[PDB]
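Presented as structure tokens, the chain that follows is alone, the form solved without its partner chain.
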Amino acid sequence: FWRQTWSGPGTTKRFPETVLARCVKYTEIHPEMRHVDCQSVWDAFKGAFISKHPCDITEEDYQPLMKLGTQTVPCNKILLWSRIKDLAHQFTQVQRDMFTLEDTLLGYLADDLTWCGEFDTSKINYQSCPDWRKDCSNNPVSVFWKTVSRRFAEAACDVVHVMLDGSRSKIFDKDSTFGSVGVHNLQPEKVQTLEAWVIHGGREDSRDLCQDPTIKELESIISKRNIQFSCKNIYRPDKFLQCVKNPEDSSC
């Protein structure tokens, strides 16, 4: 109890009951998924990582789950995001202008959770789970988010939007899942433009962050894939959200 196996937090308490109840809820609300069998979804999710070493997980381990969670989303309304979850979710909640990964069945099931098992027993590990940095990259949580993020980016078309945190020292981070998976899995045959919205964390009057070194790097990577790049500053995110709710406001 004074020294755990792995360096990451253990599985979320009641993980199996939580995933099953989220599936039931999502399928009650979204009519395109109203026929999914949630017991079958749980069995497939559990099959990906139970009795498997938690540093030896592959994208193939998640394929039965991917197949059951098959879902179409409007290809021209996708919002990617990195390190700014709260604003992305508050925005799409107003009137469903765009869709993030947590708007899909699989993203909704896993958001805010942690899970892992152990080799050659069928027990869930509630005490610790591998850290991506210290222990291993090929862990149950990291491999899941890479697999679903690649499929979501592959689905996009027309104009795709990305929200970025302009308070971080790498506004665009090549090492983030957006930078290592999303940028490279947009399909140039389908996607016309990537538009970044750089969210300010600061005061009021501040710099044009669309000139930031890392934003110029993103522009060069995307342009060399034969996709156009656009960038917009959101100086005051509080005012932005208000204008989405109430656009007749004079101040907009």
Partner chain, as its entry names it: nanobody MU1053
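Residue numbers count along the first chain shown, from 1.
The form solved in complex with its partner chain is left out here; the points below concern that form.
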**Message:** Given that its partner chain is not shown alongside this chain, does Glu195 nevertheless sit within 4.5 Å of it in the deposited bound form, heavy atom to heavy atom?
**Reply:** yes
Note to self: Can you work out whether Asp158 and its partner chain are in contact in the deposited bound form, taking contact to mean some heavy atom pair no more than 4.5 Å apart?
What the structure shows: yes
Answer for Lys170 alone: is it within 4.5 Å of its partner chain in the deposited bound form, judged on heavy atom distances?
no
Worksheet item: Would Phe91 count as touching its partner chain in the deposited bound form under a 4.5 Å heavy atom rule?
Response: yes
